[PDB]
């Protein structure tokens, strides 16, 4: 299901997510979800941002999944699925560097 998602890159490193997201063609909010390098059972949402200060850059947010079922970056805002979390952050920037816009091209 999660593996079925085109934005789910699975087991790729933080550096690789950065290589992919640092493409000059990527607008703010370009993103992907991957496994956390060191936190078992956790995912990482990698997102491109851009400003005149830093230019094109990348941020990483940890996504936790409870056995109790919920998915979240902040425990205050949980979802019944990773798909629903992605859909929510595609509408709300909240504390992220930018709302999610486009799936990172390979």
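Numbering follows the first chain given and starts at 1. Whichever C-alpha set is largest while still superposing within 1.5 Å between the two forms counts as the rigid core.
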Requested in this report: Please work out whether 28 to 36 or 50 to 58 has the higher root mean square C-alpha deviation in 7 other deposited structures of this protein relative to the shown form, with the rigid core as fitting region?
Outcome: 50 to 58
Query raised in the report: Which is farther from the shown form in 7 other deposited structures of this protein in C-alpha RMS with the core fitted, 87 to 95 or 19 to 27?
Result: 19 to 27
Requested in this report: Could you check which stretch, 36 to 44 or 66 to 74, carries the larger mean CA temperature factor in the entry?
Outcome: 66 to 74
Query raised in the report: Is the mean CA B factor in the deposited entry higher across 77 to 85 or across 50 to 58?
Result: 50 to 58
Report summary line: Tertile call for residue 92 (CA temperature factor, within chain, third-based) is the middle
